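Below is one structure, written out as structure tokens, with a few remarks after it.
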Amino acid sequence: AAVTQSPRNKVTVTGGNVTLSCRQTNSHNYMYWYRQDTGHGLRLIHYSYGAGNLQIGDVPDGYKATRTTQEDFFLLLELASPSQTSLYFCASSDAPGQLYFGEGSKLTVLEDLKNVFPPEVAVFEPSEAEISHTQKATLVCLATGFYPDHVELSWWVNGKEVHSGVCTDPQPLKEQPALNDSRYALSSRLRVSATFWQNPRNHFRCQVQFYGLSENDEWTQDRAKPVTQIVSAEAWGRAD
Amino acid sequence: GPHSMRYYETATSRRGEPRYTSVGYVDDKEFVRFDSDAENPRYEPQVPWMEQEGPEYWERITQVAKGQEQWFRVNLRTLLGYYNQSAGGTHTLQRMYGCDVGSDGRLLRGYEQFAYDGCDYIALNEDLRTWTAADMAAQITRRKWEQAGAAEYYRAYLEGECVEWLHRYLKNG
Amino acid sequence: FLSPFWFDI
Amino acid sequence: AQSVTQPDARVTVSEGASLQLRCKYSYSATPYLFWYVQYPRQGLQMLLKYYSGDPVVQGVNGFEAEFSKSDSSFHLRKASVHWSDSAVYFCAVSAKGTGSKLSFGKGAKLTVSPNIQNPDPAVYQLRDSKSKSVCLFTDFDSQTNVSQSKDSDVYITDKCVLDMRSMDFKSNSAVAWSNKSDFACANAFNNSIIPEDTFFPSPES
């Protein structure tokens, strides 16, 4: 099962260097680098029989690979292009057709830095109507105005991430469809029992990880550097 | 009457990429050979009905070989590990597969087996579900292949295609 | 004909 | 040349229903076949393989596939699909000679609609904890579908299914917002086929 990609998330700008790593603790001889984009499914970039071998795949242009050792396979984008923004999967194998996948590395390569903004995050508090009518309180989180669509949203209740009772839009929402590098919005819900929301020693936090510019990208805009960051919104229980 | 088909591959590592070789037989007759040692590495059909074939047939065949070679190179190294052998030396992994069909056209026995450095290494039993492992290294391989489903992979071939081809071949004669 | 061999050793 | 084809990219069925995902393979002897699944935000997992023998292959999670030489078929089947089986399903053959590489289908995105036992359509309003206004359409049934705003300036999300596992409870939800000074909860989802049934809290509307 243990095939592990690093890094899970990555943003860079056209011309940059990107290096996706993949480690496998099986003693598999084959390793593979795939990309995945909607409308193209899984496409093979490069693979390898074993240590010190490389084979070209179906869409190798723009990528190099290195199989230094038995368990480490690297993908290298030496001059990154917007085309390459995508989701990458590593896989090991020890038999025809049987691949064991890693978890994904999501990479955005940005053409124009002027377009990057972090999300604004707001939490909205559960309708009283809902609480009385159904005995349940639904909180809604709203993250808005962020480009590029590279965020990860999570609910924190009392210092621990919670998963039960949470739905987060699978697809984001273009603020302006007509503009083509539009900023995005994205919504999420956490539902809990009325008794729970009503305890006012309950802390609710909506946390959005933004993946954006790096410490050493130059920034020439009269607004804050839309750098990689966390943006949150809080709320506390009420007994009403 | 009865009939047989055999195909042998050998890969020999070098002190200085491995010398790969192959040769096929039906009924104790050669029908093709390959050797990455003659100036051109190309398959040499030895039988009239094979010689008359499209060169995009022999292309795909060749493409497959380049893979198989790369497989041999990797696994040859897998063996030197198993046997604690010096990196500088010369070793030979060999592989044979094929089938015997009887008078009826029904498969009578299938083969899939490797020998390493002259000595038996591993071999698919007549049942086509189990492996016989010469030594401590071989059992490791067997375990991998047991769990990977190797025996099943090759049963499919041996019971089906290996017999179907021998038949067409004998008929093309 | 061909029955290539790819399973690890 | 060895391809495999999956007929439908999108597919939806209801919690409990029985599932058949179609996979046809370009002819080859002898065929080696696979089904992989991809759970949201994850990689691919091998579901099952067919090398030889029993043409009915048992995968894990009560999945199974049927190898039909007759059809050039490798259909994937499950008897009673739960909701957690919503995922993308990939068919794949391992060509011979092209064997180090696995050749995938396009994929099939499977959506298992949860069974809403006691539907209670309602459109409540939620207020910003710091300031701002959002409208929430919730608790509707699987059949009800929410559609986008013909207003542009108003934002509406798709349905999302959330599951409070501690209480064995699932529910749908759409969300809408705008800062048109004009704009109200009642008028929000009106560009949809809402149930006659659905509640509207009187003050909030």
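If you read the protein sequences in the order shown, they are chains B, I, J and A.
Just so we're on the same page, the authors' numbering is the position in the first sequence counted from 1, plus 1.
FYI, in the authors' numbering the residues of the second sequence are 1 to 16, 19 to 175.
Letter 2 of the third sequence, counting from 1, is numbered 2 in the authors' numbering, and no numbers are missing.
FYI, in the authors' numbering the residues of the fourth sequence are 0 to 130, 133 to 206.
C-beta atoms are modelled at their ideal positions from N, C-alpha and C, and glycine is treated no differently.
Residue-chain proximity (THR10(I), chain B), Cβ-Cβ < 9 angstroms: As a working mapping, residue 10(I) is identified with position 10 in the second sequence. Answer no: the Cβ-Cβ gap between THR10(I) and chain B never drops below 9 angstroms.
Presumed contact (8 angstroms Cβ cut-off) between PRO120(A) and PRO202(A), rounded CB distance: Residue 120(A) sits at position 121 when you count from the first residue of the fourth sequence. Residue 202(A) sits at position 201 when you count from the first residue of the fourth sequence. With 8 angstroms as the limit, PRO120(A) and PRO202(A) do not qualify as a contact, their Cβ atoms being about 12 angstroms apart.
Residues that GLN65(I) contacts on chain A, provided the C-beta gap is smaller than 8 angstroms: Your numbering for residue 65(I) matches position 63 in the second sequence. What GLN65(I) touches in chain A: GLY96.
Nonlocal neighbours in the same chain, by C-beta distance under 7 angstroms from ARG144(I), ignoring five residues either side: Counted from its first residue, the second sequence places residue 144(I) at position 142. Cβ neighbours of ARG144(I) beyond the five flanking positions: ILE124, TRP133, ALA135.
N- and C-terminal bounds of the alpha helix (DSSP H) containing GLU235(B): Walking along the first sequence from the start, residue 235(B) turns up at place 234. Here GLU235(B) belongs to no alpha helix (DSSP H); instead the beta strand (DSSP E) covers 230-237.
Where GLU41(I) meets chain A, residues with beta-carbon distance less than 8 angstroms: For the purposes of this step, residue 41(I) is taken as the residue at position 39 of the second sequence. None at all; the shortest Cβ gap to chain A is about 25 angstroms.
Cross-chain neighbours of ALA158(I) in chain B, by beta carbon under 9 angstroms: Residue numbering aside, residue 158(I) sits at position 156 when the second sequence is read from its first letter. Within 9 angstroms Cβ-Cβ: nothing; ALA158(I) doesn't reach chain B, min ~11 angstroms.
Residue-level contact to chain I via CB, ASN10(B), 9 angstroms cutoff: Position 9 of the first sequence, counted from the start, is the residue given in the question as residue 10(B). Not one chain I Cβ lies under 9 angstroms of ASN10(B).
Within chain B, partners of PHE7(J) - CB distance below 8 angstroms: Taking the first residue of the third sequence as position 1, residue 7(J) is located at position 7. Within 8 angstroms of the CB of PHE7(J), the CB atoms of chain B belong to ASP95, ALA96, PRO97, in sequence order along the chain.
Beta strand (DSSP E) runs wholly inside the segment 75-133 of chain I, at least 3 long, in chain order: 94-103, 109-118, 121-126
Neighbour-count burial assignment, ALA138(B), 16 or more Cβ in a 10 Å radius: Position 137 of the first sequence, counted from the first residue, corresponds to residue 138(B). Burial call: buried.
Chain J contacts made by the segment 133-147 of chain I, where a contact means CB separation under 7 angstroms: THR143, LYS146, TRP147
Straight-line gap, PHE7(J) to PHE1(J) (C-alpha atoms, nearest Å): Sequence index remark: in the third sequence, residue 7(J) carries index 7 (1-based). Sequence index remark: in the third sequence, residue 1(J) carries index 1 (1-based). Going by the C-alpha atoms only, they are around 19 angstroms apart.
For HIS169(I), the nearest candidate out of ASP29(I), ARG15(I), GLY16(I), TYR156(I) (CA to CA): For this step, residue 169(I) is matched to residue 167 along the second sequence. It is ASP29(I).
Beta-carbon neighbours of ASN30(B), restricted to chain J and to distances below 7 angstroms: For this step, residue 30(B) is matched to residue 29 along the first sequence. Correct list: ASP8.
Outcome for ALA64(A) when other beta-carbon atoms lying within 10 angstroms are tallied against a minimum of 16: Start at 1 with the first residue of the fourth sequence, and residue 64(A) comes out as number 65. By the neighbour-count rule (16 or more Cβ atoms within 10 Å), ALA64(A) is buried.
CB-CB length for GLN208(B) against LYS115(B), believed under 8 angstroms: By one-based count along the first sequence, residue 208(B) stands at place 207. By one-based count along the first sequence, residue 115(B) stands at place 114. 27 angstroms between Cβ atoms; not a contact.
Which of helix, strand or coil DSSP assigns to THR23(I): Mapped onto the second sequence, residue 23(I) falls at position 21. If DSSP states are grouped into helix, strand and coil, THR23(I) belongs with the strands.
Interface residues of chain J facing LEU81(I) [CB-CB closer than 7 angstroms]: On the second sequence, position 79 is the one that residue 81(I) refers to. By Cβ distance, chain J contributes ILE9.
Cutoff 9 angstroms: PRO120(A) Cβ touching any chain I Cβ: Working through the fourth sequence from its first residue, we reach residue 120(A) at position 121. No, its Cβ sits nowhere closer than 9 angstroms to a Cβ of chain I.
In DSSP terms, what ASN174(I) is bridged to: Walking along the second sequence from the start, residue 174(I) turns up at place 172. In DSSP, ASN174(I) forms no bridge with anything.
Any C-beta of chain A under 9 angstroms from that of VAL158(B): As a first step, residue 158(B) is located in the first sequence; it is residue number 157 there, counting from the start. Chain A, which has no Cβ nearer than 9 angstroms to the Cβ of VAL158(B), makes this no.
Contiguous alpha helix (DSSP H) assignments of at least 4 residues, all confined to the segment 33-95 of chain A: none
Cβ separation of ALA91(A) and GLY98(B), assumed to be a contact under 8 angstroms, to the nearest whole Å: In the fourth sequence, counting from the first residue as 1, residue 91(A) sits at position 92. In the first sequence, counting from the first residue as 1, residue 98(B) sits at position 97. Indeed, because the Cβ distance is near 7 angstroms, the residues count as touching under 8 angstroms.
Beta carbon proximity, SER51(A) to chain J, threshold 9 angstroms: Translated into positions along the fourth sequence, residue 51(A) becomes position 52. Not one chain J Cβ lies under 9 angstroms of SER51(A).
Every unbroken beta strand (DSSP E) inside the segment 165-190 of chain B [3 residues or more]: 167-169
Closer than 9 angstroms to chain J by CB, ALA150(I): Position 148 of the second sequence, counted from the first residue, corresponds to residue 150(I). Closer than 9 angstroms: yes.
Span separating the alpha-carbon of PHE90(B) from that of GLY58(B): Indexing the first sequence from 1 puts residue 90(B) at position 89. Indexing the first sequence from 1 puts residue 58(B) at position 57. Rounded to the nearest angstrom, the two C-alpha atoms are 14 angstroms apart.
Integer-rounded CB distance, given that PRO201(B) should sit under 8 angstroms from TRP237(B): Here residue 237(B) corresponds to residue number 236 of the first sequence, with the count starting at 1. Here residue 201(B) corresponds to residue number 200 of the first sequence, with the count starting at 1. Confirmed, about 6 angstroms.
Reduced DSSP category for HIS134(B) - H, G, I as helix; E, B as strand; rest coil: Along the first sequence, one-based indexing puts residue 134(B) at 133. If DSSP states are grouped into helix, strand and coil, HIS134(B) belongs with the helices.
Simplified DSSP assignment, three categories, for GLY42(B): Taking the first sequence and counting its residues from 1, one reaches residue 42(B) at position 41. Reduced to three states, the DSSP call for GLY42(B) is strand.
Under 8 angstroms from the C-beta of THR158(A): neighbouring residues of chain B: The residue labelled residue 158(A) in the question sits at position 157 within the fourth sequence. Within 8 angstroms Cβ-Cβ: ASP170, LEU174, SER188.
Minimum C-alpha distance to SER83(A) - residue among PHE103(A), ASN114(A), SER93(A), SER72(A): Taking the first residue of the fourth sequence as position 1, residue 83(A) is located at position 84. Minimum Cα distance to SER83(A) is reached at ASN114(A).
Near-chain I residues of the segment 20-53 of chain B (beta-carbon distance less than 7 angstroms), N- to C-terminal order: Those residues of the segment 20-53 of chain B that come within reach of chain I (Cβ to Cβ, closer than 7 angstroms) are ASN30, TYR50, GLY51.
Straight-line Cα distance separating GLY58(A) from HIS164(B): As a first step, residue 164(B) must be located in the first sequence, where it is residue number 163. As a first step, residue 58(A) must be located in the fourth sequence, where it is residue number 59. Approximately 28 angstroms, taken between the alpha carbons.
Between the CA atoms of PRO173(B) and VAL155(A) - distance to the nearest angstrom: Position 154 of the fourth sequence, counted from the start, is the residue given in the question as residue 155(A). Position 172 of the first sequence, counted from the start, is the residue given in the question as residue 173(B). Distance between the alpha carbons of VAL155(A) and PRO173(B): 15 angstroms.
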